[PDB]
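Have a look at the structure below, then the notes.
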Amino acid sequence: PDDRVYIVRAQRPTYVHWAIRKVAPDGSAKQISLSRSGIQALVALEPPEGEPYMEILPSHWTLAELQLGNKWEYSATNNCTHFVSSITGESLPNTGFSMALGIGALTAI
């Protein structure tokens, strides 16, 4: 019940990565966003990366965690901003796609 959950923002070289992070009382953290396996984008845990942008509800974590391993169809109009916004209801600037790299910008697992 003491877990805190945030939208986090990580500036990457070609685009802005958005994620959801859960921080435990002991300061350990988990983070979910979009990654890829080869050419397949997907929802995945990732190392905590980036700066807290906005605190949100614990229930938002559950929504993200329930999507782990789902496929994602990655595009200019469907990227990490949309993943986070669809969970949280928060508007984020559509900064979350790399025109130069497209899906290549996502971290490989």
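Residue numbering restarts at 1 in every chain; chains get A, B, ... in the order shown in the structure tokens, and ligands count up from 1 in that same order.
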
Subject >> Polymer residues at most 10 Å from residue 72 (chain A), only C-alpha atoms, same-chain spacing of 2 or more positions, as a PyMOL selection string >> reply: chain A and resi 34-36+40-43+67+69-70+74-75+78-80+83

**OP:** Would you return as a ChimeraX atom specification the members of chain A that DSSP assigns to strand (DSSP E) on this structure's backbone?
**Re:** /A:4-11,16-23,29-37,40-46,51-56,71-72

Given only C-alpha atoms, how would the per-residue table for region 32-70 of chain A near region 4-11 of chain A read, listing every residue at most 7 Å away with its closest atom pair and distance in Å to one decimal, sorted by chain and number, as a tab-separated table?
```
residue	atom	partner	partner_atom	distance
A:49	CA	A:10	CA	6.4
A:50	CA	A:10	CA	4.0
A:51	CA	A:8	CA	5.3
A:52	CA	A:8	CA	4.3
A:53	CA	A:8	CA	5.0
A:54	CA	A:7	CA	5.2
A:55	CA	A:6	CA	4.3
A:56	CA	A:6	CA	5.3
A:57	CA	A:5	CA	6.0
A:58	CA	A:5	CA	5.7
A:61	CA	A:5	CA	6.7
```

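Separating CA of residue 39 (chain A) from CA of residue 73 (chain A) is a distance of 10.3 Å.
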
**OP:** Rounded to one decimal place, report the CA of residue 65 (chain A)-CA of residue 37 (chain A) distance in Å.
**Re:**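 So the answer is 18.0 Å.
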
Subject >> Selected residue of minimal separation from residue 66 (chain A) among A:87, A:48, A:81, A:97, counting only C-alpha atoms >> reply: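 Residue with the minimum atom-to-atom distance to residue 66 (chain A): A:87.
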
Subject >> Backbone-only DSSP, alpha helix (DSSP H) members of chain A, as a count of residues only >> reply: 17

Original post:
Contacts of residue 98 (chain A) at 10 Å or less, counting only C-alpha atoms, minus same-chain residues fewer than 5 places along, as a ChimeraX atom specification?
Top reply: /A:12-17,75-76,79,103-106

**OP:** Mind giving me the straight-line distance from CA of residue 20 (chain A) to CA of residue 100 (chain A) in Å, one decimal?
**Re:** 24.5 Å
